[PDB]
file start-v1.cif (mmCIF, C-alpha atoms and all ligand atoms)
data_entry
loop_
_atom_site.label_atom_id
_atom_site.label_comp_id
_atom_site.auth_asym_id
_atom_site.auth_seq_id
_atom_site.Cartn_x
_atom_site.Cartn_y
_atom_site.Cartn_z
CA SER A 7 0.13 -24.93 -2.08
CA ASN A 8 -1.35 -22.14 0.02
CA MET A 9 0.78 -19.54 -1.76
CA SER A 10 -0.38 -20.71 -5.20
CA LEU A 11 -3.97 -20.76 -3.97
CA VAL A 12 -3.72 -17.15 -2.80
CA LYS A 13 -2.03 -16.09 -6.03
CA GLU A 14 -4.81 -17.70 -8.06
CA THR A 15 -7.41 -15.95 -5.91
CA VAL A 16 -5.77 -12.55 -6.39
CA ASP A 17 -5.36 -13.04 -10.13
CA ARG A 18 -9.03 -13.98 -10.36
CA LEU A 19 -10.00 -10.87 -8.40
CA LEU A 20 -8.01 -8.44 -10.53
CA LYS A 21 -9.06 -10.12 -13.80
CA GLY A 22 -11.92 -8.33 -15.50
CA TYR A 23 -11.65 -5.43 -13.04
CA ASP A 24 -12.62 -1.97 -14.30
CA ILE A 25 -10.81 0.72 -12.35
CA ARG A 26 -12.76 3.53 -14.06
CA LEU A 27 -15.96 2.48 -12.27
CA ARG A 28 -16.53 2.87 -8.55
CA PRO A 29 -18.24 0.08 -6.60
CA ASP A 30 -21.95 0.11 -7.42
CA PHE A 31 -21.54 2.35 -10.44
CA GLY A 32 -25.25 2.33 -11.23
CA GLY A 33 -26.71 2.01 -7.76
CA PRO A 34 -26.57 3.56 -4.30
CA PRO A 35 -23.56 5.56 -3.09
CA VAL A 36 -20.63 3.80 -1.48
CA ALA A 37 -19.87 4.50 2.18
CA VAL A 38 -16.26 5.45 2.93
CA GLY A 39 -15.31 5.38 6.61
CA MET A 40 -12.42 7.62 7.64
CA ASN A 41 -9.82 7.29 10.39
CA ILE A 42 -6.97 9.62 11.25
CA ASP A 43 -4.04 8.85 13.54
CA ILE A 44 -2.32 12.21 13.94
CA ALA A 45 1.41 11.61 14.38
CA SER A 46 2.47 15.23 14.93
CA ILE A 47 1.65 18.88 14.29
CA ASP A 48 5.02 20.30 13.32
CA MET A 49 4.83 24.09 12.96
CA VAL A 50 2.05 26.65 13.31
CA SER A 51 3.28 29.65 11.35
CA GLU A 52 1.73 33.09 11.79
CA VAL A 53 3.56 34.51 8.77
CA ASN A 54 2.19 31.98 6.27
CA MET A 55 -1.08 31.36 8.16
CA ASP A 56 -0.57 27.61 7.76
CA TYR A 57 0.24 24.58 9.88
CA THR A 58 1.88 21.27 8.98
CA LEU A 59 0.47 18.00 10.29
CA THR A 60 1.58 14.42 9.65
CA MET A 61 -1.17 11.82 9.87
CA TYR A 62 -2.02 8.18 9.20
CA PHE A 63 -5.07 8.77 7.00
CA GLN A 64 -7.08 5.54 6.62
CA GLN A 65 -10.18 4.88 4.51
CA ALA A 66 -12.41 1.81 4.52
CA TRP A 67 -15.03 0.96 1.92
CA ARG A 68 -16.78 -2.18 0.67
CA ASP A 69 -16.02 -3.36 -2.87
CA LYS A 70 -18.13 -6.37 -3.80
CA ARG A 71 -15.84 -7.24 -6.71
CA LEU A 72 -12.91 -7.87 -4.34
CA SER A 73 -14.74 -10.61 -2.45
CA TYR A 74 -13.25 -14.07 -2.03
CA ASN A 75 -14.52 -17.15 -0.20
CA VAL A 76 -11.66 -19.61 -0.69
CA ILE A 77 -9.06 -18.57 1.91
CA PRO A 78 -10.13 -17.55 5.45
CA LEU A 79 -7.34 -15.03 6.18
CA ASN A 80 -7.39 -11.24 5.84
CA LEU A 81 -5.10 -10.70 2.87
CA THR A 82 -2.43 -8.01 3.09
CA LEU A 83 -1.06 -7.22 -0.36
CA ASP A 84 1.92 -5.18 -1.45
CA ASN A 85 1.36 -1.44 -1.52
CA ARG A 86 1.72 -1.47 -5.32
CA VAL A 87 -1.59 -3.26 -5.97
CA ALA A 88 -3.42 -0.09 -4.93
CA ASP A 89 -2.67 1.21 -8.44
CA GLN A 90 -5.02 -1.48 -9.79
CA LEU A 91 -8.00 -1.05 -7.45
CA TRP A 92 -10.49 1.78 -7.15
CA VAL A 93 -9.77 4.21 -4.32
CA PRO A 94 -11.96 7.22 -3.47
CA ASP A 95 -10.90 10.60 -4.82
CA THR A 96 -10.40 12.22 -1.43
CA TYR A 97 -8.67 15.60 -1.27
CA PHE A 98 -8.05 18.16 1.45
CA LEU A 99 -9.61 21.45 0.41
CA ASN A 100 -7.37 23.75 2.45
CA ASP A 101 -3.98 22.14 1.86
CA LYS A 102 -1.10 23.93 0.19
CA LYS A 103 1.71 21.36 -0.05
CA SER A 104 1.32 17.68 0.83
CA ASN B 11 27.44 -17.54 -20.43
CA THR B 12 25.16 -14.54 -20.79
CA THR B 13 22.52 -16.81 -22.29
CA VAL B 14 22.60 -19.16 -19.31
CA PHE B 15 22.47 -16.25 -16.87
CA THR B 16 19.51 -14.74 -18.69
CA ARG B 17 17.75 -18.10 -18.65
CA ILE B 18 18.37 -18.35 -14.92
CA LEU B 19 16.99 -14.89 -14.26
CA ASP B 20 14.00 -15.64 -16.49
CA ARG B 21 13.24 -18.94 -14.77
CA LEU B 22 13.59 -17.10 -11.45
CA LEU B 23 10.64 -14.73 -12.05
CA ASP B 24 8.51 -17.30 -13.90
CA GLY B 25 5.30 -17.45 -11.90
CA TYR B 26 6.50 -14.97 -9.27
CA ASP B 27 3.87 -12.83 -7.53
CA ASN B 28 5.46 -9.76 -5.96
CA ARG B 29 2.25 -9.01 -4.04
CA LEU B 30 2.61 -11.87 -1.55
CA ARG B 31 5.30 -11.95 1.10
CA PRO B 32 7.37 -15.13 1.42
CA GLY B 33 5.33 -17.60 3.44
CA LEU B 34 2.07 -15.66 3.35
CA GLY B 35 -0.10 -18.09 5.31
CA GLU B 36 2.42 -20.72 6.36
CA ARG B 37 5.09 -18.76 8.26
CA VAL B 38 6.22 -15.35 9.53
CA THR B 39 8.80 -13.38 7.58
CA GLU B 40 12.02 -12.55 9.43
CA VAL B 41 13.68 -9.37 8.17
CA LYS B 42 17.21 -8.97 9.53
CA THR B 43 18.18 -5.29 9.63
CA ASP B 44 21.45 -3.40 9.77
CA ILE B 45 22.48 0.26 9.66
CA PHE B 46 25.77 1.92 8.71
CA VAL B 47 25.61 5.64 9.51
CA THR B 48 27.89 7.30 6.96
CA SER B 49 27.23 10.80 8.35
CA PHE B 50 25.27 12.06 11.35
CA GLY B 51 23.85 15.26 9.96
CA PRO B 52 23.38 18.62 11.65
CA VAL B 53 20.94 18.63 14.57
CA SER B 54 18.56 21.56 14.06
CA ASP B 55 17.49 22.93 17.44
CA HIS B 56 14.62 25.10 16.20
CA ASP B 57 12.77 22.38 14.29
CA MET B 58 13.66 19.76 16.93
CA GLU B 59 14.83 17.54 14.07
CA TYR B 60 18.07 15.89 13.00
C1 LIG C 201 -9.93 -10.08 9.90
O1 LIG C 201 -10.28 -8.84 10.50
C2 LIG C 201 -11.42 -8.92 11.37
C3 LIG C 201 -11.71 -7.52 11.83
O2 LIG C 201 -10.51 -6.83 12.17
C4 LIG C 201 -11.11 -9.87 12.52
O3 LIG C 201 -12.27 -10.01 13.34
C5 LIG C 201 -10.69 -11.23 11.98
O4 LIG C 201 -10.27 -12.07 13.05
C6 LIG C 201 -9.55 -11.08 10.98
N1 LIG C 201 -9.19 -12.36 10.41
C7 LIG C 201 -8.14 -13.08 10.83
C8 LIG C 201 -7.91 -14.38 10.13
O5 LIG C 201 -7.40 -12.69 11.73
#
call {"tool": "encode", "arguments": {"input": "start-v1.cif", "output": "structure tokens"}}
result
Amino acid sequence: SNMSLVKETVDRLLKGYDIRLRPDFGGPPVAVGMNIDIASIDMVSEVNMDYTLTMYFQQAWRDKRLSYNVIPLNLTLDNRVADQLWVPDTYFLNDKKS
Amino acid sequence: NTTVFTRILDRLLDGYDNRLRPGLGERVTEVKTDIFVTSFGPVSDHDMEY
């Protein structure tokens, strides 16, 4: 079935996957493209010298290990598989509570 | 009948992938929603929130 085919593909992808190593661990740097969809800027406080903003922060890179050529559809997995992939260590330098 | 219920629940998640929605490539999932507001909280005017 199509569901079993996709499950086999995903299991093959995540098998033998080292999360400690970024894509191209011994080669050129990986390119991470950023998008931000600012939902709102809530409060701009003069007493704390801060401002709260809610955003849809999106990153896009290219991992060659998560490449499949069996199914032709753009897979959308549960949000819990992100704990088993490598994701860039992005941080906001001037944040206080997020 | 605890044994039979455990064997049902074990057969139920045998080969289950919780990373694929039901009918991933063959259909569209249809989530039927409902809401029961137990308490409509205080509307804060300063934060424009509720
Ligand atoms: C996958 O995404 C690309 C870029 O957004 C798009 O061109 C392509 O049609 C998508 N694949 C499917 C099966 O929709």
call {"tool": "atom_distance", "arguments": {"input": "start-v1.cif", "atom1": "atom CA of residue A:49", "atom2": "atom CA of residue B:59"}}
result
12.0 Å
call {"tool": "closest_residue", "arguments": {"input": "start-v1.cif", "among": "A:88, A:79, A:55, A:93", "to": "ligand LIG 201 (chain C)", "atoms": "all atoms listed in the file"}}
result
A:79
call {"tool": "atom_distance", "arguments": {"input": "start-v1.cif", "atom1": "atom CA of residue B:36", "atom2": "atom CA of residue A:72"}}
result
22.7 Å
call {"tool": "residues_near_ligand", "arguments": {"input": "start-v1.cif", "ligand": "ligand LIG 201 (chain C)", "cutoff": "9 Å", "atoms": "all atoms listed in the file", "output": "PyMOL selection string"}}
result
chain A and resi 78-81
call {"tool": "residues_around", "arguments": {"input": "start-v1.cif", "residues": "residue A:25", "least_positions_apart": "3", "cutoff": "10 Å", "atoms": "only C-alpha atoms", "output": "ChimeraX atom specification"}}
result
/A:20,22,28-29,89-93
call {"tool": "closest_atom_pairs", "arguments": {"input": "start-v1.cif", "of": "chain A", "to": "chain B", "cutoff": "12 Å", "atoms": "all atoms listed in the file", "output": "tab-separated table"}}
result
residue	atom	partner	partner_atom	distance
A:7	CA	B:36	CA	9.7
A:8	CA	B:35	CA	6.8
A:9	CA	B:34	CA	6.5
A:10	CA	B:27	CA	9.3
A:11	CA	B:35	CA	10.4
A:12	CA	B:30	CA	8.3
A:13	CA	B:27	CA	6.9
A:14	CA	B:27	CA	10.0
A:15	CA	B:30	CA	11.7
A:16	CA	B:29	CA	9.1
A:17	CA	B:27	CA	9.6
A:47	CA	B:57	CA	11.7
A:48	CA	B:57	CA	8.1
A:49	CA	B:57	CA	8.2
A:50	CA	B:57	CA	11.6
A:77	CA	B:35	CA	9.6
A:78	CA	B:35	CA	10.0
A:79	CA	B:35	CA	7.9
A:80	CA	B:35	CA	10.0
A:81	CA	B:34	CA	8.7
A:82	CA	B:30	CA	7.9
A:83	CA	B:29	CA	5.3
A:84	CA	B:29	CA	4.6
A:85	CA	B:29	CA	8.0
A:86	CA	B:29	CA	7.7
A:87	CA	B:29	CA	7.2
A:88	CA	B:29	CA	10.6
A:90	CA	B:29	CA	11.9
call {"tool": "atom_distance", "arguments": {"input": "start-v1.cif", "atom1": "atom CA of residue A:65", "atom2": "atom CA of residue A:43"}}
result
11.6 Å
call {"tool": "residues_around", "arguments": {"input": "start-v1.cif", "residues": "residue A:96", "least_positions_apart": "5", "cutoff": "12 Å", "atoms": "only C-alpha atoms", "output": "PyMOL selection string"}}
result
chain A and resi 38-40+63-65
call {"tool": "closest_residue", "arguments": {"input": "start-v1.cif", "among": "A:104, A:99, A:37, A:26", "to": "residue A:66", "atoms": "all atoms listed in the file"}}
result
A:37
call {"tool": "residues_near_point", "arguments": {"input": "start-v1.cif", "point": "(-2.3, 17.3, 15.9)", "cutoff": "10 Å", "atoms": "only C-alpha atoms", "output": "ChimeraX atom specification"}}
result
/A:43-48,57-61
call {"tool": "write_last_selection", "arguments": {"input": "start-v1.cif", "atoms": "C-alpha atoms", "output": "mmCIF file, keeping the file's coordinate frame"}}
result
data_model
loop_
_atom_site.group_PDB
_atom_site.id
_atom_site.type_symbol
_atom_site.label_atom_id
_atom_site.label_comp_id
_atom_site.auth_asym_id
_atom_site.auth_seq_id
_atom_site.Cartn_x
_atom_site.Cartn_y
_atom_site.Cartn_z
ATOM 1 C CA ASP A 43 -4.040 8.850 13.540
ATOM 2 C CA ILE A 44 -2.320 12.210 13.940
ATOM 3 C CA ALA A 45 1.410 11.610 14.380
ATOM 4 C CA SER A 46 2.470 15.230 14.930
ATOM 5 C CA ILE A 47 1.650 18.880 14.290
ATOM 6 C CA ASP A 48 5.020 20.300 13.320
ATOM 7 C CA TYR A 57 0.240 24.580 9.880
ATOM 8 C CA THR A 58 1.880 21.270 8.980
ATOM 9 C CA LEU A 59 0.470 18.000 10.290
ATOM 10 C CA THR A 60 1.580 14.420 9.650
ATOM 11 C CA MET A 61 -1.170 11.820 9.870
#
call {"tool": "build_atoms", "arguments": {"input": "start-v1.cif", "residues": "stretch 34-46 of chain B", "atoms": "N, CA and C atoms", "output": "PDB file, in the coordinates of the input"}}
result
ATOM      1  N   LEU B  34       3.168 -16.571   3.033  1.00  0.00           N
ATOM      2  CA  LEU B  34       2.070 -15.660   3.350  1.00  0.00           C
ATOM      3  C   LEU B  34       1.168 -16.227   4.438  1.00  0.00           C
ATOM      4  N   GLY B  35       0.788 -17.495   4.327  1.00  0.00           N
ATOM      5  CA  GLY B  35      -0.100 -18.090   5.310  1.00  0.00           C
ATOM      6  C   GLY B  35       0.530 -19.201   6.109  1.00  0.00           C
ATOM      7  N   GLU B  36       1.774 -19.545   5.791  1.00  0.00           N
ATOM      8  CA  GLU B  36       2.420 -20.720   6.360  1.00  0.00           C
ATOM      9  C   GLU B  36       3.570 -20.385   7.299  1.00  0.00           C
ATOM     10  N   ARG B  37       3.936 -19.119   7.447  1.00  0.00           N
ATOM     11  CA  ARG B  37       5.090 -18.760   8.260  1.00  0.00           C
ATOM     12  C   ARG B  37       5.035 -17.261   8.537  1.00  0.00           C
ATOM     13  N   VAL B  38       6.044 -16.772   9.252  1.00  0.00           N
ATOM     14  CA  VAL B  38       6.220 -15.350   9.530  1.00  0.00           C
ATOM     15  C   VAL B  38       7.564 -14.930   8.961  1.00  0.00           C
ATOM     16  N   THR B  39       7.570 -13.849   8.191  1.00  0.00           N
ATOM     17  CA  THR B  39       8.800 -13.380   7.580  1.00  0.00           C
ATOM     18  C   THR B  39       9.711 -12.776   8.642  1.00  0.00           C
ATOM     19  N   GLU B  40      11.012 -12.961   8.462  1.00  0.00           N
ATOM     20  CA  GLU B  40      12.020 -12.550   9.430  1.00  0.00           C
ATOM     21  C   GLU B  40      13.024 -11.646   8.729  1.00  0.00           C
ATOM     22  N   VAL B  41      12.818 -10.340   8.827  1.00  0.00           N
ATOM     23  CA  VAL B  41      13.680  -9.370   8.170  1.00  0.00           C
ATOM     24  C   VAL B  41      14.799  -8.990   9.128  1.00  0.00           C
ATOM     25  N   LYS B  42      16.034  -9.293   8.742  1.00  0.00           N
ATOM     26  CA  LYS B  42      17.210  -8.970   9.530  1.00  0.00           C
ATOM     27  C   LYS B  42      17.739  -7.622   9.049  1.00  0.00           C
ATOM     28  N   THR B  43      17.874  -6.673   9.966  1.00  0.00           N
ATOM     29  CA  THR B  43      18.180  -5.290   9.630  1.00  0.00           C
ATOM     30  C   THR B  43      19.583  -4.926  10.080  1.00  0.00           C
ATOM     31  N   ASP B  44      20.134  -3.906   9.431  1.00  0.00           N
ATOM     32  CA  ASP B  44      21.450  -3.400   9.770  1.00  0.00           C
ATOM     33  C   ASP B  44      21.550  -1.963   9.269  1.00  0.00           C
ATOM     34  N   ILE B  45      22.349  -1.162   9.962  1.00  0.00           N
ATOM     35  CA  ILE B  45      22.480   0.260   9.660  1.00  0.00           C
ATOM     36  C   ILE B  45      23.949   0.638   9.721  1.00  0.00           C
ATOM     37  N   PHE B  46      24.402   1.410   8.739  1.00  0.00           N
ATOM     38  CA  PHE B  46      25.770   1.920   8.710  1.00  0.00           C
ATOM     39  C   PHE B  46      25.693   3.430   8.485  1.00  0.00           C
TER      40      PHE B  46
END
